[PDB]
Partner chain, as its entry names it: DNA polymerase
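This document starts with one chain, in the form solved without its partner chain, laid out as structure tokens.
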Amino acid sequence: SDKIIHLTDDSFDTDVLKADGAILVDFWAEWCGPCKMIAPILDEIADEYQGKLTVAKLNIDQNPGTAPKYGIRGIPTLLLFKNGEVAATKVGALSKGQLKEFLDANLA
């Protein structure tokens, strides 16, 4: 999480819903192995897209309410919030290339 924003339900309002720019919100949980697998990828992405994409992580174990709120199907769940509006989303993990493509395609 070297360059990742750890969100909470409480902070979600101001940090995501009242955001400006592109925020990639990765919903995760300690037990959800693949979240840990993508974590370094998300950090690399965060570094690569510094100032272009705000990479964020949201711990659902601590913040369950977010899952129902965003009809989360299963974690890891990446929600790409442009100014509080979900521009795109991804259920499950991604490879670095595909993730870069996905993000780039949204950022445009």
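Numbering follows the first chain given and starts at 1.
There is also a form solved in complex with its partner chain; it is not shown, and the following applies to it.
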Any non-hydrogen atom of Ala46 within 4.5 angstroms of its partner chain in the deposited bound form: no
With a cut-off of 4.5 Å between heavy atoms, is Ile60 one of the residues that contacts its partner chain in the deposited bound form? yes
Could you confirm whether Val91 comes within 4.5 Å of its partner chain in the deposited bound form, counting heavy atoms only? yes
Tell me, yes or no, whether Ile75 is in contact with its partner chain in the deposited bound form, where a contact means a heavy atom of each within 4.5 Å. yes
Would you give me the residues of 29-60 that have any heavy atom within 4.5 Å of its partner chain in the deposited bound form, in order from first to last? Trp31, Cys32, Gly33, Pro34, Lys36, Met37, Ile60
